[PDB]
Colleague: 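What follows is a structure written as structure tokens; I'll ask about it next.
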There are 6 protein chains.
Amino acid sequence: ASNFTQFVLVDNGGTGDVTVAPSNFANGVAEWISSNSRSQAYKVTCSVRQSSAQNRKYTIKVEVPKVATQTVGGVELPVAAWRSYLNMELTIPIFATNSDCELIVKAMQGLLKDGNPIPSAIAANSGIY
Amino acid sequence: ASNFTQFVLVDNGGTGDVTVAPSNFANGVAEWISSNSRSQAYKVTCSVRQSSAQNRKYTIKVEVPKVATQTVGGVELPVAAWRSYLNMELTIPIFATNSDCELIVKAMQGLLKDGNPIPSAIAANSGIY
Amino acid sequence: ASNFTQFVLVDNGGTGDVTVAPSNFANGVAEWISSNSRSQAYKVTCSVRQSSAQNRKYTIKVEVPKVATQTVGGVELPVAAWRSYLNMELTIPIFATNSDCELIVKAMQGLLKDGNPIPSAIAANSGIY
Amino acid sequence: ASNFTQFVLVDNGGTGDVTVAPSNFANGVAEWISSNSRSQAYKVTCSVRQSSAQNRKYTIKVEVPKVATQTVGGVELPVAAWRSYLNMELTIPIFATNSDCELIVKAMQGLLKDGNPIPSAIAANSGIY
Amino acid sequence: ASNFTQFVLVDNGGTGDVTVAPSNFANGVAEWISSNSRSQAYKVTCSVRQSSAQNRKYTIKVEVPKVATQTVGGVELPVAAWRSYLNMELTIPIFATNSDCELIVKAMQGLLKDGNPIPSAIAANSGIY
Amino acid sequence: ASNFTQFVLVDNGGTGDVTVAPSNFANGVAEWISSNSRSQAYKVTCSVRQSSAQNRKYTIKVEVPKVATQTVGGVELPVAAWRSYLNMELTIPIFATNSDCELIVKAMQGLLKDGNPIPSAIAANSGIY
RNA sequence: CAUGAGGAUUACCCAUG
RNA sequence: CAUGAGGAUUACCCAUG
RNA sequence: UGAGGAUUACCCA
RNA sequence: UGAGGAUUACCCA
């Protein structure tokens, strides 16, 4: 095995799909980027640490860019108008079994499923009400 | 267009599904919890605010109970041994359109899609390798 | 759903019934008032807080007014001769299940049921003996 | 006209009813408890005093045991995990007549009547939303 | 029950209507935002407070943006060329009954009805004459 | 041509309508007063000024009185028990066309339309919830 | 290390304990 | 935050730890 | 308080 | 400027 593989970050039905690939593991931080100039790339990082005597903490970060072409010094450069940042930390007690962890994963998937409250608000630029 | 409704957090296909329902709205912070004691419940909270002049920021928190060897309705100490905490912060620049936000949501869905690195690692009590 | 609804605070068989309605939720304090000038209204407030790592505390307050018409500066104003205050705090351990909570509610209902000791003393301006 | 008699605190319609009986009268503070160990009993106390020149004040306290997974007659620690505390303070101006007081009692009954906001929220481990 | 809902701010028949939706209710300040880029959105805020012993005071604010596209360095962002700022404070004595408040509301609606002096002056970039 | 005319401030069908009429236009401040005792009259004032290089600013004020009769020493005078004070400022950039201004006006009318959040809260002596 | 509906130029910074 | 059969002009104040 | 100014829940006399 | 207070075209920081 080896779970450090490439995957589809943004799925648009096999056309214009943002796919991300392993690009670095320096300092225990797994990194993935899209085939772009480092300045316009989507970026995903992940790291696990034994945060406490009885806890493990996953730190996941995703960077979604808004690509643009900027003219600096009369020259065009590939760049990012702005970036959206997702920072998530997951703390799991060492007593959690694999089935307990599967439960956490499913919860996170259900949380963001199309049609549910939260993803609906985010996509509509509104709050929950 | 009220989106503060109950939804399925953990989907086990009809049987054993965990539904989470509206339970509090104090301070604009929406809360959903499962039908359990608060020590063993699945909890979800969400709020949005203008983090700065250039950004808006969604703060999403999830609490998942350790289920293996759990005693329903019992007193389980220490608390830190029986619960997992998910803390998500999503920063979005004010220039993001609904379309941009829809993409950001897809990115989050892709990150956690079944079979991808991150969720597979979490579910197996592993890191990246 | 949504439990923030109006209800009958004082029941006098559908005639002269004091009914109270949602009027404010600012700062996480749910408020209800009767259709009156803010100076002569019945008022009910409720708020929940995670008072401790292992406790939740409900703070409920009710204000019963004695309406009157006062002549100030040679002018008649709707006002309250005096007000009666009820302040109750309920501390529930996070380990209490829904059935445990139902038990608490029933206890509070039984405590105040017509004919029982306490409501009998209060209504007769006496103590318990 | 002695009103210090036993009464039904939790009514389950004949079967499983919790009766609470006189157990102490030290210092004019009336006490009622269920037929249990004092660590698992239902307790009720009540006293009245002239809080100030303009008011009288009833202090009512109730203790409700956590029943789910309870071991009858056993030693359950920590105490704070197995008990709920209700603390009620009722302030009544000396001008209140018996009629005024009867109304104040109805207000308290209405507040807790079955199906109303407050009790429904408490019973569901919820807040207002 | 709830009045912290979505509503039509600008009515243009049934199409091109500007709808503002709840977004935040932090610190007793309710906020509504229209959809899409926060940068080009309409904003409405409202709050009430006891300004003094006898008065309650509503503070309402509205922001009407002039939608435009900013281009700099060849990078274009959705922005607001400028904004129009509405700012109103309404003081109401606590002796006001619901009847009195309805009158106050009709006064405000009348002040701005089509054809009347003030809305006509504003709409025509004019003053009084 | 003139917009400094009489108009209906409060519309109650066709009878009991409150009409306000021009009374003064000193120092760029237009004033309207309802008929009868000045002491019990409704008042409306309006003025515009170049607040800065880019902005013009409207300042509008309305006074709703609570009609009452004052009696002192057996002498009765027509007075206002109290007054409700509306106070609004509207800032509009000089780049706003007549089209833009009409939009701003519709926004104000929409903000106060019957049934919408704000006018409903005010009319009910309530806040947002 | 812990906690923040703390911030960001985003594997880094602040406050608090 | 904790405790008071502490007070009130009642979502706020006092004493104590 | 202000027919006080705004980058708009901030700031000046 | 101020979800700053009013006896409301005044006044405070």
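These numbers come from the heavy atoms of this one structure, side chains and all, not from hydrogens, waters or symmetry mates. In what follows, chains are A, B, ... by sequence order, proteins preceding strands, each numbered from 1.
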Colleague: So which one's nearest nucleotide on RNA chain G is more toward 5', A:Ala30 or B:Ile60?
Modeller: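 Whichever sits nearer the 5' end wins; that is B:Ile60.
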Colleague: Please give the distance between the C1' atoms of G:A8 and G:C14 as a whole number of Å.
Modeller: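 My reading of the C1' atoms in G:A8 and G:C14 gives 10 Å.
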Colleague: Quick one: is A:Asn27 getting a side-chain N or O under 4.0 Å of the G:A11 phosphate, OP1 or OP2?
Modeller: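 No, because none of the side-chain N or O atoms of A:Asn27 sits under 4.0 Å from OP1 or OP2 of G:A11.
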Colleague: What is the separation between atom CZ on B:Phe25 and atom P on G:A5, rounded to the nearest whole Å?
Modeller: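 Going from B:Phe25 (CZ) to G:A5 (P), I get 17 Å.
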Colleague: Just checking, is any N or O donor in the side chain of A:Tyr85 or A:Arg83 under 3.5 Å from an acceptor N or O on the other one?
Modeller: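 Side-chain D/A pair, A:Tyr85 to A:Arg83: absent.
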Colleague: Could you tell me the separation between the CG atom of A:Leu86 and the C1' atom of G:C12, rounded to a whole number of Å?
Modeller: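 About 17 Å, once rounded to whole Å.
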Colleague: Can you measure C:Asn24 atom CG to H:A11 atom P for me and round it to whole angstrom units?
Modeller: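 That distance rounds to 12 Å.
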Colleague: Do C:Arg38 and C:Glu63 sit within salt-bridge range, that is, some charged N less than 4.0 Å from a carboxylate O?
Modeller: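 Here C:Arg38 does not pair with C:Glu63 in a salt bridge, since their nearest N and O are not under 4.0 Å apart.
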Colleague: Is there a donor and acceptor pair, one atom on the side chain of B:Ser51 and one on the base of G:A5, closer than 3.5 Å?
Modeller: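 Counting by modelled atom types and ignoring angles, no donor-acceptor contact under 3.5 Å is found here.
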Colleague: Nearest to the side chain of A:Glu63, which nucleotide is it out of G:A8, H:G6, G:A11?
Modeller: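 The nucleotide sitting nearest to the side chain is G:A11.
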Colleague: Could you work out the separation of H:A5 and H:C1 based on their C1' atoms and round it to a whole Å?
Modeller: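 Rounded to whole Å, the distance is 23 Å.
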Colleague: Starting at CD of A:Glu31 and ending at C1' of G:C12, how long is that distance when rounded to a whole Å?
Modeller: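 My rounded result for the distance is 15 Å.
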Colleague: Would you state whether a donor and an acceptor, one from the side chain of D:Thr45 and one from the base of H:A5, lie under 3.5 Å apart?
Modeller: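 Between H:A5 and D:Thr45, which were checked side chain against base, a qualifying N/O pair under 3.5 Å is present.
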Colleague: Nearest to the side chain of C:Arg49, heavy atoms from C-beta on, is which of G:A11, H:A11, H:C1?
Modeller: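 The nucleotide sitting nearest to the side chain is H:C1.
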Colleague: Rounded to whole angstrom, note down the P distance from H:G6 over to H:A11.
Modeller: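 Each nucleotide's P atom is 23 Å from the other's.
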Colleague: Establish, with yes or no, whether the OP1 or OP2 oxygen of G:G7 is under 4.0 angstrom from a side-chain nitrogen or oxygen of B:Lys57.
Modeller: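 Indeed, a polar side-chain atom of B:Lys57 lies that close.
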Colleague: Round to a whole Å and report the spacing from CD of B:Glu89 to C1' of G:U3.
Modeller: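 Answer to the nearest Å: 13 Å.
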Colleague: Considering just the side-chain nitrogens and oxygens of D:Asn55, establish if one lies under 4.0 Å of OP1 or OP2 belonging to H:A8.
Modeller: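 It does, given that an N or O in the side chain of D:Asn55 lies less than 4.0 Å from OP1 or OP2 of H:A8.
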Colleague: Among the candidates H:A5, G:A5, G:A11, find the nucleotide nearest to the side-chain atoms of B:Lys61.
Modeller: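 Shortest atom-to-atom distance from the side chain points to G:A5.
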Colleague: Compare the minimum distances between each of H:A5, G:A5, G:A11 and the side chain of B:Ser47, then state the nucleotide with the smallest one.
Modeller: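 Nearest nucleotide to the side chain: G:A5.
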Colleague: Nearest whole angstrom, please: distance from the P of G:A5 to the NZ of B:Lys43.
Modeller: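 Answer to the nearest Å: 12 Å.
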Colleague: Without hydrogens or angle criteria, can the side chains of B:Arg49 and B:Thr59 be said to hold a donor-acceptor pair below 3.5 Å?
Modeller: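 Looking only at side-chain atoms, B:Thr59 and B:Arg49 do form a donor-acceptor pair, the distance falling under 3.5 Å.
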Colleague: Could you check how far CG of C:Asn87 sits from P of H:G7, rounded to whole Å?
Modeller: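 Atom CG in C:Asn87 sits about 12 Å away from atom P in H:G7.
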Colleague: Is any side-chain nitrogen or oxygen of D:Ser52 closer than 4.0 Å to OP1 or OP2 of H:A8?
Modeller: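 Yes.
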Colleague: Any side-chain donor paired with an acceptor under 3.5 Å for A:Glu31 and A:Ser23?
Modeller: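 Side chains of A:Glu31 and A:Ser23: pair found under 3.5 Å.
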